[PDB]
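Worksheet: the structure to be examined is printed underneath.
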Amino acid sequence: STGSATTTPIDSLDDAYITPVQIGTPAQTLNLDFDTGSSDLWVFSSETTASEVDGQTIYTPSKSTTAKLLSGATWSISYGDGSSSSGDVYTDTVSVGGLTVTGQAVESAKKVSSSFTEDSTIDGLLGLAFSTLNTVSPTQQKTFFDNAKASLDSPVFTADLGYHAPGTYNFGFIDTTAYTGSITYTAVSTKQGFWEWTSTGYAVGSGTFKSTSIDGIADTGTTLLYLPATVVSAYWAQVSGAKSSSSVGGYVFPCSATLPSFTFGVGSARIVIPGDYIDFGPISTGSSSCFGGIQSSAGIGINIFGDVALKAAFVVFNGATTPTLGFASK
């Protein structure tokens, strides 16, 4: 089997991408944030505290003839940005782009933190990291991909995120028309539960490539590119007037600037992030200070190849017995 679904930016900055997901019988379609940095499929629901729902579409398990309470199971998650959610668990039928999993754990939120409430466009998350990170207790549950894997034509999914445009998540096949050149594959460590890999270096604009190992994670659920402070300083030094602002929370730059590209290495291959992908717009409405899309990871503990980086590539998440990642230009 295969599946193919369009993923759409939630706003004009590509802050996140939503993909429609069919849950239950008859289907209830929710727009979920596919997140290769986490491993829970959780949704706003009829059980979510009413004051914490503000425009999201909710899953109502009582209206699904295939929903079953997973008795005793609870979940609670906290994300790298400080947001969180928690609740109980149902199993139900879940379909993405024509690919159907029966008995998928659907984690129904009883509580969500304010950042989720305040984003009316995201009805929940669909985790695509390794199932060892799933938070359901006392019986850890499998991700949608893990449940689907055996049925797929090939045990892979691909992320093809658009810049200021829709893109595609495919399951079970490589669309060889979706990229240029070849796909370069690179080793993955699953020891932390992430799609963790080592970039071979970077370049700023037309500058020389610096060969240096940068361990990080491929994370579709993170907007920006978070890299070591040395790398980030080298990038922003090429933008006149750019500076790190403790009050804003990262590097800002004059909105009048033209940003240089940023290249990262994948083995001997190179992925070029155009400068315009690094512009996240005014820090507040009407400001002439703009927020940068490349930020320091120094306070995180891990480097994160988020959407800024991933949207410049066609990315293969190869879930074979020894997982690997593939990157192609597009």
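Ordering of the structure tokens sets the chain letters (A, B, ...); residue numbers start at 1 within each chain; ligands are numbered from 1 in the order shown.
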
*What residues in stretch 78-276 of chain A get the DSSP label helix (DSSP H, G or I)? Please answer as a list in words.*
residues 114, 115, 116, 117, 131, 132, 133, 144, 145, 146, 147, 148, 149, 150, 151, 229, 230, 231, 232, 233, 234, 235, 236, 275 and 276 of chain A

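Counting only C-alpha atoms, stretch 220-224 of chain A has the following residues at most 7 Å away, ignoring those fewer than 2 positions along the same chain: residues 15, 16, 33, 34, 35, 36, 37, 218, 226, 293, 294, 306, 307 and 308 of chain A.
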
*Residues at most 6 Å from residue A:136, counting only C-alpha atoms, excluding those fewer than 3 positions away in the same chain, as number ranges by chain?*
A: 74-75, 140

_I'd like the neighbourhood of stretch 168-170 of chain A as a VMD selection string, where a residue qualifies if any of its atoms comes within 8 Å (using only C-alpha atoms), though same-chain residues fewer than 2 positions away should be ignored._
chain A and resid 2 to 7 97 157 to 161 166 172 to 174

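When atom CA of residue A:126 is paired with atom CA of residue A:43, their separation reads 8.6 Å.
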
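The two atoms in question, atom CA of residue A:148 and atom CA of residue A:110, are spaced 26.7 Å apart.
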
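Between atom CA of residue A:114 and atom CA of residue A:13 the interatomic distance comes to 20.5 Å.
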
_Shell of 10 Å around residue A:300, only C-alpha atoms, local chain residues under 5 positions omitted, as an MDAnalysis selection string_ = chainID A and resid 80:81 226:227

*asked:* Would you pick out the contacts of residue A:103 at 10 Å or less, using only C-alpha atoms, so that residues sharing its chain but fewer than 4 positions from it are not included, and give the list as number ranges by chain?
replied: A: 66-68, 90-94, 144, 147

*Would you mind listing what lies within 12 Å of residue A:10 as a VMD selection string, with only C-alpha atoms counted and same-chain residues fewer than 4 positions away left out?*
chain A and resid 14 to 19 31 to 33 119 to 123 162 to 166 223

Would you put the residues from that selection into a file with N, CA and C atoms, as a PDB file, in the first residue's frame?
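Result written to part27.pdb:
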```pdb
ATOM      1  N   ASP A  14       5.043  30.145   6.826  1.00  0.00           N
ATOM      2  CA  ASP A  14       5.350  28.722   6.940  1.00  0.00           C
ATOM      3  C   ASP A  14       5.711  28.353   8.378  1.00  0.00           C
ATOM      4  N   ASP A  15       4.959  28.864   9.348  1.00  0.00           N
ATOM      5  CA  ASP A  15       5.290  28.550  10.736  1.00  0.00           C
ATOM      6  C   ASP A  15       5.106  27.074  11.043  1.00  0.00           C
ATOM      7  N   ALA A  16       4.190  26.431  10.340  1.00  0.00           N
ATOM      8  CA  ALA A  16       3.960  25.006  10.468  1.00  0.00           C
ATOM      9  C   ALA A  16       3.141  24.606   9.261  1.00  0.00           C
ATOM     10  N   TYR A  17       2.973  23.303   9.102  1.00  0.00           N
ATOM     11  CA  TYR A  17       2.232  22.724   7.993  1.00  0.00           C
ATOM     12  C   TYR A  17       1.184  21.777   8.543  1.00  0.00           C
ATOM     13  N   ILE A  18       0.000  21.793   7.949  1.00  0.00           N
ATOM     14  CA  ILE A  18      -1.079  20.912   8.358  1.00  0.00           C
ATOM     15  C   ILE A  18      -1.455  19.980   7.222  1.00  0.00           C
ATOM     16  N   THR A  19      -1.795  18.754   7.596  1.00  0.00           N
ATOM     17  CA  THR A  19      -2.119  17.697   6.666  1.00  0.00           C
ATOM     18  C   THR A  19      -3.442  17.090   7.113  1.00  0.00           C
ATOM     19  N   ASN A  31      -6.968  18.405  10.825  1.00  0.00           N
ATOM     20  CA  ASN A  31      -5.759  18.895  10.183  1.00  0.00           C
ATOM     21  C   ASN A  31      -4.635  18.839  11.202  1.00  0.00           C
ATOM     22  N   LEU A  32      -3.720  17.897  11.001  1.00  0.00           N
ATOM     23  CA  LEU A  32      -2.686  17.603  11.983  1.00  0.00           C
ATOM     24  C   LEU A  32      -1.326  18.100  11.517  1.00  0.00           C
ATOM     25  N   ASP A  33      -0.492  18.422  12.500  1.00  0.00           N
ATOM     26  CA  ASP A  33       0.882  18.835  12.275  1.00  0.00           C
ATOM     27  C   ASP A  33       1.746  17.576  12.332  1.00  0.00           C
ATOM     28  N   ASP A 119      -3.692  28.600  18.530  1.00  0.00           N
ATOM     29  CA  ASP A 119      -3.504  28.297  17.117  1.00  0.00           C
ATOM     30  C   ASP A 119      -4.701  27.496  16.619  1.00  0.00           C
ATOM     31  N   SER A 120      -5.659  28.197  16.023  1.00  0.00           N
ATOM     32  CA  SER A 120      -6.894  27.562  15.601  1.00  0.00           C
ATOM     33  C   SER A 120      -6.706  26.657  14.402  1.00  0.00           C
ATOM     34  N   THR A 121      -5.556  26.721  13.725  1.00  0.00           N
ATOM     35  CA  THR A 121      -5.356  25.984  12.480  1.00  0.00           C
ATOM     36  C   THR A 121      -4.847  24.563  12.687  1.00  0.00           C
ATOM     37  N   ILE A 122      -4.369  24.227  13.880  1.00  0.00           N
ATOM     38  CA  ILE A 122      -3.753  22.933  14.147  1.00  0.00           C
ATOM     39  C   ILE A 122      -4.654  22.159  15.096  1.00  0.00           C
ATOM     40  N   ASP A 123      -5.181  21.030  14.616  1.00  0.00           N
ATOM     41  CA  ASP A 123      -6.126  20.228  15.376  1.00  0.00           C
ATOM     42  C   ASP A 123      -5.446  19.123  16.172  1.00  0.00           C
ATOM     43  N   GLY A 162       6.792  22.757   1.083  1.00  0.00           N
ATOM     44  CA  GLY A 162       6.887  23.894   0.190  1.00  0.00           C
ATOM     45  C   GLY A 162       7.333  25.167   0.888  1.00  0.00           C
ATOM     46  N   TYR A 163       7.968  26.047   0.121  1.00  0.00           N
ATOM     47  CA  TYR A 163       8.240  27.406   0.568  1.00  0.00           C
ATOM     48  C   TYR A 163       7.051  28.258   0.161  1.00  0.00           C
ATOM     49  N   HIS A 164       6.327  28.757   1.154  1.00  0.00           N
ATOM     50  CA  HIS A 164       5.168  29.608   0.915  1.00  0.00           C
ATOM     51  C   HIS A 164       4.208  28.938  -0.061  1.00  0.00           C
ATOM     52  N   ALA A 165       4.064  27.626   0.063  1.00  0.00           N
ATOM     53  CA  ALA A 165       3.260  26.852  -0.871  1.00  0.00           C
ATOM     54  C   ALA A 165       3.008  25.477  -0.267  1.00  0.00           C
ATOM     55  N   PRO A 166       1.978  24.774  -0.726  1.00  0.00           N
ATOM     56  CA  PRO A 166       1.763  23.406  -0.251  1.00  0.00           C
ATOM     57  C   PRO A 166       2.854  22.471  -0.735  1.00  0.00           C
ATOM     58  N   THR A 223       9.895  24.882  13.353  1.00  0.00           N
ATOM     59  CA  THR A 223       9.856  25.830  12.242  1.00  0.00           C
ATOM     60  C   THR A 223      11.251  26.138  11.708  1.00  0.00           C
TER      61      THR A 223
END
```

*Smallest atom-to-atom distance to residue A:240: which of A:199, A:190, A:256, A:141, using only C-alpha atoms?*
A:256
